[PDB]
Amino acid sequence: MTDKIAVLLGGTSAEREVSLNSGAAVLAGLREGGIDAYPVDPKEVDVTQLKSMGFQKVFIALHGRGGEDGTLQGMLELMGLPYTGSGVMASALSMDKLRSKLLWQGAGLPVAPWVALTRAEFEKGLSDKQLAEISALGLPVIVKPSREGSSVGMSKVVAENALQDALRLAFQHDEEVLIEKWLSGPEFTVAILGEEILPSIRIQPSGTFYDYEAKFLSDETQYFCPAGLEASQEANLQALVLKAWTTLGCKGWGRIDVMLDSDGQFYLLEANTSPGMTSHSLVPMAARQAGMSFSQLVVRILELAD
């Protein structure tokens, strides 16, 4: 019987394997909840044919450029297919950490001190005063590609001596890079589903930072849901995250990453518009604590599609 939902997974970004795992999860969750869901991989299928195929809605489970940057949402807007998550502007804006930062800081929101570099400036040689602005950040510092996820392309540099290799790795993934002040932690994440914010999660990695391996591969990562903060701080977290969410213009569902620093204040890291839904993912963890089943959450996200 009529009513086909397309579940977009895989893709070609550096987050492809993670996305196939998020898709597998969502496909079962949706079917368990009575939905006639179909797995569609844009690397295999021409998604520009989604409408000619009979699909009524699209559940986006892609991660990274191509699925979270607004291009895919742009097409679906012209094709007329309701879809999950944020619109074109919010998605394009959330993917770019340098631009989410300008926006956030411009709105008065807490963002860690940073320096942006383009591959060109890097190739030409860092005009030494470049280093003067980077050393003013203090050490250590964190280097990250502007448009990535899953800790791809990042690294920590203790002392200016290590900066070159770090920048060379980051520029392999993007032409625009950020170098930001290293925050002490702990680290937090806060998921949003519609007009509601789920209970906070505090992440605790075994190594240097929450890397690729700590996110999807090791059983050493600890999580605490709720965070364990006093109501006063738990309150401050939601207020911040909600303002971060609305300034960006996001909607549907998402997850914002935050961290504490030595001055006892919260700092925005980034916002993700199409979060992971694998067995190691944070969003499913928060919903569980909020009393929902994996099926319920997924079914709810699709309910929010527009």
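Numbers for residues come from their place in the sequence shown, where the first is 1.
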query	finding
231-239 or 108-116, whichever carries the higher mean Cα B-factor	231-239
Higher-B stretch (mean Cα B-factor, as the entry records it), 130-138 or 75-83	130-138
Maximum C-alpha temperature factor, selected from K251, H63, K43, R255	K43
From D174, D211, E187, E160, residue of greatest CA B-factor	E160
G276 - Cα temperature factor, lowest/middle/highest third of chain	lowest
Ranked against its chain, the third holding the CA B-factor of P39	middle
Third of the chain, ranked by Cα B-factor, where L27 sits	middle
Ranked C-alpha temperature factor of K124 among modelled chain residues, by third	highest
Third assignment of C225 from its chain's C-alpha B-factors	highest
